[PDB]
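Chemist: partial complex follows, first chain(s) only, in situ:
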Amino acid sequence: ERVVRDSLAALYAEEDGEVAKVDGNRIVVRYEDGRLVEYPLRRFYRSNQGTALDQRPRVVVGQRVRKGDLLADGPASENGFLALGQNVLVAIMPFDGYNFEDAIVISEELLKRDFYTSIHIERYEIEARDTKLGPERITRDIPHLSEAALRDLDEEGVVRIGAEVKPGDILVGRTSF
Amino acid sequence: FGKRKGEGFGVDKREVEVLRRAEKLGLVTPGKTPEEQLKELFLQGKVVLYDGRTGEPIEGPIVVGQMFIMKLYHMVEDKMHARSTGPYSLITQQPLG
Amino acid sequence: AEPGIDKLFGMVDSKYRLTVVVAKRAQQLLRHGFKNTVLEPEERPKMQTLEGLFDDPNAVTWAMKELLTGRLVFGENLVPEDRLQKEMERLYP
Amino acid sequence: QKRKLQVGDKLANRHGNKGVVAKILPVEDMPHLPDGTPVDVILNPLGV
């Protein structure tokens, strides 16, 4: 319980009061002072190690909140605790050698209710430099490639937010000589 | 076991069989009623478990219960790395990326 | 394991001689396209497809079974390489 | 991307049981309680 607030993953309340606005992006609270404090929730910010840092609210719209109380969960957190994973009904037994030498067998029931579903964000990048034959630019206009291949690229060459790309698909354009 | 006892369900023959194998194993106390046998057995953190593929009860009861297992940063898709060929480095004609 | 690998190791004075024999035989089988096989039609290694049984594509398996038959003769300096190759290529394109 | 728990991924408890997803067996062919509750994870006891 101490970890999340000491890790500053989950955002808490600075004073007793009522939550006027509850949203996934932000949580605004009205305190006893009458002051309106907005808490912009960090939503799926890429970690240095890849895992998504998200913050999900836990307080109903327009409800009482005390000082030092949870407003929204942090990454790997449930109800203001540290939830690095999900506790699952584990049976400790050999199974046809599938659990062999620390190997772990798993029910597809866990995949059913999306237990152990890690959101990972990879950071890709393209940097341009100027050469005498021709510099480099981030554009949608990419030679010898179908529009169907550029289906998920906007005008700027950036992959459209919300698209599903696969290995081989284009993320950012860049052309030189 | 209370729901089973409340509905009107007796003990499973498979359960009594596991209690036989366990009595042979000496986990549970001998001679007591299957509900008490299963009581002491559950006290041991073990339950009568049936192999879903066989149906026959897994002879010798096994330990079950929620464990806070967590997924680790060392997942597969980041690590998987197979290749027929690969573009060779310019500084050295060994394949790199 | 491989079928008859024991008898195969027994046929040779060296497991690696078995290696070179099976290998070179497989090279002959691929260069000639299995038409130079000493395996009878019934002895041909089969494989299960969605269509049905077909000839085993792998030449190594073929060579190992051919060697199990003992119909193959292996040894050092059996025949000059040029004449050998030209004869085997004369019998099979 | 929301990477689910495919075969091979590194699982572990807090007690040092570094584990690897063996075979994600369906709800059917997995050990289950007499009430019908299907076990979520099968652990090798040898690892203890």
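Modeler: That came through, no problem. Numbers count the residues shown, from 1 in each chain, chains lettered A, B, ... in the order given.

Chemist: please make it C-alpha for all contacts and neighbour counts, starting now.
Modeler: Noted.

Chemist: please, where are all the strands along chain A?
Modeler: Using DSSP state E, the strands of chain A run over A:11-12, A:17-22, A:26-31, A:36-40, A:45-46, A:52-53, A:64-65, A:70-72, A:77-78, A:81-82, A:88-92, A:103-107, A:118-119.

Chemist: now, of those strands, which is deepest in the fold?
Modeler: Mean neighbour count, computed with mean count of other CA atoms under 10 Å in any protein chain shown, is highest for strand A:103-107 among these, reaching a mean of 28.

Chemist: partner strands of that one, parallel or antiparallel?
Modeler: Sheet pairing here is set by DSSP bridges, and for strand A:103-107 it gives strand D:19-25 (parallel), strand D:41-43 (antiparallel).

Chemist: center of chain A, which residue is that?
Modeler: residue A:44 (2.4 Å; CA atoms, centre = their mean).

Chemist: same question, chain B
Modeler: Mean-position check on chain B, CA atoms, centre = their mean. Result residue B:64 at 6.7 Å.

Chemist: now chain C
Modeler: So for chain C, CA atoms, centre = their mean, it's residue C:63, sitting 2.3 Å from the centre.

Chemist: which residues are in contact with that residue?
Modeler: Contact analysis of residue C:63 by CA atoms under 8 Å, 6 or more residues apart in numbering or on different chains lists C:22-23, C:25-26, C:29.

Chemist: again with residue A:60
Modeler: So residue A:60 contacts residue A:22 (CA under 8 Å, 6+ apart).

Chemist: what residues does chain B put near chain A?
Modeler: Taking CA under 8 Å from any CA of the partner chain, the part of chain B that reaches chain A is made up of B:62-71, B:73.

Chemist: from residue B:59, how far off is the closest residue to residue D:33 other than its chain neighbours?
Modeler: Excluding its sequence neighbours, the residue lying closest to residue D:33 (CA to CA, 6 or more residues apart in numbering or on different chains) is residue B:49, at 5.3 Å. For residue B:49, the distance to residue B:59 equals 8 Å [CA to CA, to the nearest Å].

Chemist: slot chain E in:
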Amino acid sequence: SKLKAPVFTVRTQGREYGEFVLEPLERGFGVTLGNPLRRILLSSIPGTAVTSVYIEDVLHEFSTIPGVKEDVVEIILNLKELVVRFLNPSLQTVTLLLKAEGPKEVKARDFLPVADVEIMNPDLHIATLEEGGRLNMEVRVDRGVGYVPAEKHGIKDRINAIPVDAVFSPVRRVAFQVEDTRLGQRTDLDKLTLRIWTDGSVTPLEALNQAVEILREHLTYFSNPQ
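Modeler: That brings us to chain E, laid onto the chains above:
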């Protein structure tokens, strides 16, 4: 000394739960019958589940809707719990719409009623809204079998649509009890009692009959030797 045809009792509680007694059976038949039926029940029973989701002003699953407490991720997570009963067997796909706004709690009730379509769990909270919060979405529920990941089917009704993990199997839990019964002259005979917990889209009796037919068909597969 041949055992005749045992009796078969049925004790169901609503549309979700059902009990099915068979007795007396010869020794060994309790689990011999009890288990394969269970397997087919949990595995290969056709059902319905949310396969697609498109929310307005939402480009992907990992987006979050203004004025909405739950993110699109958790919203989809709640939508996976949606039990949709298709009244008509021939029908295999339904696109439910949902428009809600203001300080209200969006539930399975707010789904626009479709002909021959019945939501079994109306109290399922999908998302919480706010003053200025607008939730407009179309979810596609299909009929299938077992579990199909989003990466497999990849169902997208439109561009901004989001593939949803489909837990088709309506059966939630299966058990079966083997009890000691006798016929007076002979003892140790097995007594079966099949317990079936279903989501409600199909009756435990229906699912059991389907499992029976599946097993029987699989036995028909053993007819032609080669």
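
Chemist: go back to the contacts of residue A:60, now with chain E?
Modeler: A:22, E:128.

Chemist: any idea how far it lies from residue A:80?
Modeler: Taking CA to CA, one finds residue A:60 at 15 Å from residue A:80.

Chemist: just checking, residue E:11 touches residue E:193?
Modeler: No. Look at residue E:11 against residue E:193 with CA atoms under 8 Å: they stay out of range, at 10.0 Å.

Chemist: more neighbours: which of the two?
Modeler: Between residue E:11 and residue E:193, counted using other CA atoms under 10 Å in any protein chain shown, the more crowded position is residue E:193 (22 against 12).

Chemist: what is the more buried one paired to in the beta sheet?
Modeler: residue E:21, residue E:177.

Chemist: so what's it up against?
Modeler: So residue E:193 contacts E:19-22, E:176-178 (CA under 8 Å, 6+ apart).

Chemist: how about a markdown table for the residues you listed, with neighbour count and distance to residue E:86 added?
Modeler: A markdown table is the format used below for these (neighbours: other CA atoms under 10 Å in any protein chain shown; distance: CA to CA, whole Å):
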| residue | neighbour count | distance to residue E:86 |
| --- | --- | --- |
| E:19 | 18 | 23 |
| E:20 | 19 | 24 |
| E:21 | 19 | 28 |
| E:22 | 20 | 30 |
| E:176 | 26 | 28 |
| E:177 | 24 | 31 |
| E:178 | 28 | 34 |
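
Chemist: pick out the most distant pair among the residues you listed.
Modeler: E:19 and E:178 (13.0 Å; CA to CA).

Chemist: count of neighbours near residue 8?
Modeler: You didn't say which chain, so I picked chain A. 11.

Chemist: try chain E instead
Modeler: 12.

Chemist: for it, helix, strand, or coil?
Modeler: When classified by DSSP: H, G, I helix; E, B strand; the rest coil, residue E:8 comes out as strand.

Chemist: near chain D at all, the lengthiest strand in chain B?
Modeler: Identified as the longest strand of chain B according to DSSP E is strand B:62-67. Yes. With CA under 8 Å from any CA as the criterion, chain D is reached by strand B:62-67 at B:64, B:67.

Chemist: now the sequence for chain F, which goes on the structure above:
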Amino acid sequence: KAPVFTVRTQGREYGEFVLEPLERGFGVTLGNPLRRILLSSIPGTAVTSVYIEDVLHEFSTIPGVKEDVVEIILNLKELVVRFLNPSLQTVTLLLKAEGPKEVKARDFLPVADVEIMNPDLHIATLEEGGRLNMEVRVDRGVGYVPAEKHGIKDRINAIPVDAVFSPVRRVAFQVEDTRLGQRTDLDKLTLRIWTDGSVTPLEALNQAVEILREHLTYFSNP
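Modeler: Same chains as before, plus chain F:
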């Protein structure tokens, strides 16, 4: 879609049965109940009781005979009896031998509509002055019934014998992973069946799927 069923039998005793492919999990789903039925409920015959002239109990060895009484009873458990008469439930075979004579199962006096499948089965040997007079009872049953369980005797001093009713001596199935298309976890059900001879493996398997189907028909009238 439709699974092919490749059957490969060698005589009346052994048979392999490949069913491929089956949707994930169906391999054991078919294998195990068929296995249980095959071992427990296939209509078979066995020597339930055995009587001998000078043998009071099962453990008292036989004079003039190298073979142990228990050994003989064992060979009689191996004795495969086939009832040509579908309505025949029990047959009492008899055996008369003396001098030095290696008894075969064929030495049993022939009974109408009763065929001993393995007559060459060595039951007992005899010596100079040795006499063997026995009567073995065969009943139609299913599965395995220990001597104490059935507890039947045609007469006094008649020895109860563990009934090896099930003509299927063994059922061992390997559910090996086969592939069709992209699916590779499909369940190739390799069902191996060892029978005694009275019932060919295929007959046993078809009787098994028949029994299972019949058991599936029960989910009709509440």
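
Chemist: same question on the neighbour count of residue E:8, but now with chain F added
Modeler: Around residue E:8 there are 17 residues (other CA under 10 Å).

Chemist: likewise for the one 10 residues further on?
Modeler: The burial metric for residue E:18, expressed as a neighbour count using other CA under 10 Å, is 21.

Chemist: which element, helix or strand, includes it?
Modeler: For residue E:18, the element it lies in under DSSP states H and E is strand E:17-25.

Chemist: now do stretch E:150-170: distance to the chain's middle.
Modeler: Centroid separation for stretch E:150-170 versus its chain: 16 Å, with CA atoms, centre = their mean, to the nearest Å.

Chemist: ok, residues contacting it?
Modeler: A:112, A:162-163, E:42-55, E:58-61, E:76, E:80, E:140, E:143-149, E:198-202.

Chemist: can we see that at 7 Å?
Modeler: Outside stretch E:150-170, the residues within contact range by CA atoms under 7 Å, 6 or more residues apart in numbering or on different chains are A:112, E:42-43, E:45-54, E:58-61, E:80, E:143-149, E:198-199, E:201-202.

Chemist: show me what counts as buried in the helix or strand where residue C:61 lies.
Modeler: Assigned by DSSP H and E, residue C:61 belongs to helix C:59-69. Across helix C:59-69, burial judged by 16 or more other CA atoms under 10 Å in any protein chain shown covers C:59-68.

Chemist: what residues of the longest helix anywhere in chain C count as buried?
Modeler: Longest helix in chain C by number of residues, with DSSP state H as the criterion: helix C:15-31. Across helix C:15-31, burial judged by 16+ other CA under 10 Å covers C:18-19, C:21-23, C:25-30.

Chemist: before we move on, what about stretch E:141-155?
Modeler: Under 16+ other CA under 10 Å, the buried positions of stretch E:141-155 are E:141-149, E:154-155.

Chemist: cool, and stretch E:181-200?
Modeler: Buried, per 16+ other CA under 10 Å, within stretch E:181-200: E:181, E:188-200.

Chemist: give me the residue from chain E nearest chain D.
Modeler: With CA to the nearest CA, the shortest gap between chain E and chain D falls at residue E:175, namely 4.2 Å.
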